[PDB]
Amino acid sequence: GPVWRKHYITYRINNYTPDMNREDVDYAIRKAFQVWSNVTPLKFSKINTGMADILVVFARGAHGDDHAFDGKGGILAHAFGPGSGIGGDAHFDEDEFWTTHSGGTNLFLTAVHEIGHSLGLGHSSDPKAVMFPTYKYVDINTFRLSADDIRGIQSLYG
């Protein structure tokens, strides 16, 4: 599949969920990017205006792509693989309740998974992998990619 063909990648937060403090959204997303820059040559920078490679959006129901959200539960988020335009973008279902902790749906953990897709990863069959497509809270303060995730991303970058 597609990959980014450059090392400096930008992201922009289109809008903020009212579920969380603004600074906590910023930090969760920053930390999620750091998970992947830790194990690749990629460098991520937040921009506040203009066209970013990865646009982060909170939206509910039908929201202008061909892929609608479904209210609370079920689909939590989705993201597009590397490419122009909508490529790379990561969308989070506002009908979920996003948090910094084990309550609701943890934004950081979900963003790690989605950014994996934004960088070109698909799903893993390994339940230990962050790319395993079932959300499960794990302690975010000690979170680590599985060997499978590191294998996956290092097949695309580095």
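Residue positions are given as counts along the sequence shown, with the first one as 1.
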As the entry reports it, the stretch among 67-75 and 80-88 with higher mean C-alpha B factor is 67-75
Looking only at C-alpha temperature factors in the entry, 20-28 or 131-139, the higher average sits in 131-139
Among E114, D95, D126, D53, the highest C-alpha B-factor in the PDB entry belongs to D126
Residue set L107, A62, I47, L119, per-entry CA B-factor max assigned to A62
Chain-relative C-alpha B factor for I9 (record values, thirds): the lowest
